[PDB]
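Visitor: Protein chains in written order, with PDB author numbering: chain B, 1 to 99; chain A, 1 to 99.
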Ligand SMILES: CC(C)CN(C[C@@H](O)[C@H](Cc1ccccc1)NC(=O)c1cccc(O)c1)S(=O)(=O)c1ccc(-c2ccno2)s1
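1) Say the cut is 7 Å; is the CB of residue 28 of chain A nearer than that to a heavy atom of ligand 1?
2) Residue 30 of chain A: buried (16+ other C-beta within 10 angstroms of its C-beta) or exposed?
3) Going by DSSP, what residue range makes up the beta strand (DSSP E) through residue 8 of chain A?
4) With a threshold of 8 Å between beta-carbons, can residue 57 of chain B be considered close to chain A, or not?
5) Name the two residues that bound the continuous alpha helix (DSSP H) containing residue 89 of chain B.
6) Going by beta-carbon coordinates alone, are residue 13 of chain A and residue 47 of chain A separated by less than 8 Å?
7) Using beta-carbon positions only, say whether residue 20 of chain B and residue 98 of chain B come within less than 8 Å of one another.
8) Using a Cβ cut-off of 7 Å, pull out every chain A residue sitting near residue 71 of chain B, in sequence order please.
9) Assuming residue 72 of chain A and residue 85 of chain A make a contact with CB atoms under 8 Å, what is their CB distance in whole Å?
10) In chain A, which residues lie less than 9 Å from residue 87 of chain B when you measure between Cβ atoms?
11) Comparing the C-beta of residue 12 of chain B with each C-beta of chain A, is any distance below 8 Å?
12) Closer than 9 Å, Cβ to any Cβ of chain B: which residues of the segment 15-43 of chain A, in chain order?
13) Just the chain A side, please: which residues come within less than 9 Å of residue 98 of chain B by C-beta, in chain order?
14) Examine ligand 1 and report whether any of its heavy atoms sits within less than 7 Å of the Cβ of residue 81 of chain B.
15) For chain A, check one thing: does any of its Cβ atoms lie closer than 8 Å to the Cβ of residue 76 of chain B?
16) Does residue 4 of chain B pass the burial test, meaning 16 or more other C-beta atoms within 10 Å, or should it be called exposed?
17) Step through the CB atoms of chain A and report whether any lies within less than 8 Å of the CB of residue 54 of chain B.
18) Is it right to say residue 40 of chain B is buried, meaning 16 or more other beta carbons lie within 10 angstroms of its own, or is it exposed?
19) For the putative contact between residue 45 of chain A and residue 58 of chain A, defined by C-beta atoms under 8 Å, what is the C-beta separation to the nearest angstrom?
20) Starting from residue 81 of chain A, find everything on chain B with Cβ-Cβ shorter than 8 Å and list it in chain order.
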């Protein structure tokens, strides 16, 4: 599909039994999801953007479905105001910028 | 061009006769540049990112050439971690997400 940018590029994602709306975000190196209690090992991390840093939990090899496309990779979980699909998963679903 | 996302989508912009590197950022509503001088009137604004809120200077109707494509619009200047081109100008240059 082609997504124009007149509005926020929000799409439906699935992570286990949770469907959420997430931003397709070319400015994000990694995927950052709102607080959720995912199973498995994780590592603490700090990520920075406008306003400073937040503390997140890094989970690896988490499967996520994005508009029916399969992805699997690192997901950072923490107190972000919006679910963010970053480049680590955008590449896996075939996402490019075009102009 | 078509830009893939295995690397950060950094491009050269021209603003006020200056060349800068900026990140094409579909998760940003606004275009936010690091501290710089721009002429004309501006007004104080606050914007929010992943880490909280910051104060910026809002300049309207500023020309920027983004990878050879002309835009004229609102540019915010303040303590962003990196120069970011947001949707307000991505739309002007006809940028879409595709997968
Ligand atoms: C700043 C950028 C370099 C990294 N961030 C991604 C941005 O697209 C961000 C997304 C956003 C939207 C709405 C609320 C909060 C955030 N947008 C914005 O900050 C934003 C949103 C709306 C208006 C505005 O003027 C700015 S980011 O959110 O700070 C970020 C995401 C992943 C990061 C990472 C670092 C290491 N591994 O992964 S850093």
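All residues carry an ideal CB built from backbone N, CA and C; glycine is no exception.
Guide: Let me spell this out:
1) For the purposes of this step, residue 28 of chain A is identified with residue 28 of the second chain, where counting begins at 1. Flag set: Cβ of residue 28 of chain A near ligand 1.
2) Counted from its first residue, the second chain places residue 30 of chain A at position 30. Flag for residue 30 of chain A reads buried.
3) Numbered from its first residue, the second chain carries residue 8 of chain A at position 8. Neither: residue 8 of chain A is in no beta strand (DSSP E) and is coded neither H nor E.
4) Within the first chain, residue 57 of chain B is the residue found at index 57, counting from 1. When Cβ-Cβ separations below 8 Å define contact, residue 57 of chain B makes no contact with chain A.
5) Numbered from its first residue, the first chain carries residue 89 of chain B at position 89. That run of the alpha helix (DSSP H) goes 87-90.
6) Residue numbering aside, residue 13 of chain A sits at position 13 when the second chain is read from its first letter. Residue numbering aside, residue 47 of chain A sits at position 47 when the second chain is read from its first letter. No.
7) In the first chain, counting from the first residue as 1, residue 20 of chain B sits at position 20. In the first chain, counting from the first residue as 1, residue 98 of chain B sits at position 98. Their beta carbons are not under 8 Å apart, which means residue 20 of chain B does not touch residue 98 of chain B by this criterion.
8) Position 71 of the first chain, counted from the first residue, corresponds to residue 71 of chain B. Chain A residues near residue 71 of chain B: none, gap ~11 Å exceeds 7 Å.
9) Taking the second chain and counting its residues from 1, the one referred to as residue 72 of chain A is at position 72. Taking the second chain and counting its residues from 1, the one referred to as residue 85 of chain A is at position 85. Going by Cβ atoms, the distance from residue 72 of chain A to residue 85 of chain A rounds to 13 Å, so no, they are not a contact pair.
10) Start at 1 with the first residue of the first chain, and residue 87 of chain B comes out as number 87. Near residue 87 of chain B (Cβ distances below 9 Å), the residues of chain A are 5, 6, 7, 8, 9.
11) Stepping through the first chain from its first residue, residue 12 of chain B is reached at position 12. By this cut-off, residue 12 of chain B is not an interface position.
12) Hits within the stretch, in order: 23, 24, 25, 26, 27, 28, 29, 32.
13) Counted from its first residue, the first chain places residue 98 of chain B at position 98. Going along chain A in sequence order, the residues near residue 98 of chain B (Cβ under 9 Å) are 1, 2, 3, 94, 95, 96, 97, 98.
14) Residue mapping note: residue 81 of chain B aligns to position 81 of the first chain, counting from 1. Checking every heavy atom of ligand 1 against the Cβ of residue 81 of chain B, one is found closer than 7 Å.
15) Residue mapping note: residue 76 of chain B aligns to position 76 of the first chain, counting from 1. False, the Cβ-Cβ gap to chain A never drops below 8 Å.
16) The count along the first chain starts at 1 and reaches residue 4 of chain B at position 4. With fewer than 16 other Cβ atoms within 10 Å, it is exposed.
17) Locating residue 54 of chain B in the first chain gives position 54, where the first residue counts as 1. Closer than 8 Å to some Cβ of chain A, the Cβ of residue 54 of chain B qualifies, so yes.
18) Residue 40 of chain B sits at position 40 when you count from the first residue of the first chain. Label assigned to residue 40 of chain B: exposed.
19) To locate residue 45 of chain A, count along the second chain from 1; it is residue 45. To locate residue 58 of chain A, count along the second chain from 1; it is residue 58. Right, the Cβ-Cβ distance comes to about 4 Å (below 8 Å), so this counts as a contact.
20) Here residue 81 of chain A corresponds to residue number 81 of the second chain, with the count starting at 1. The contacting residues are 48, 49, 50.
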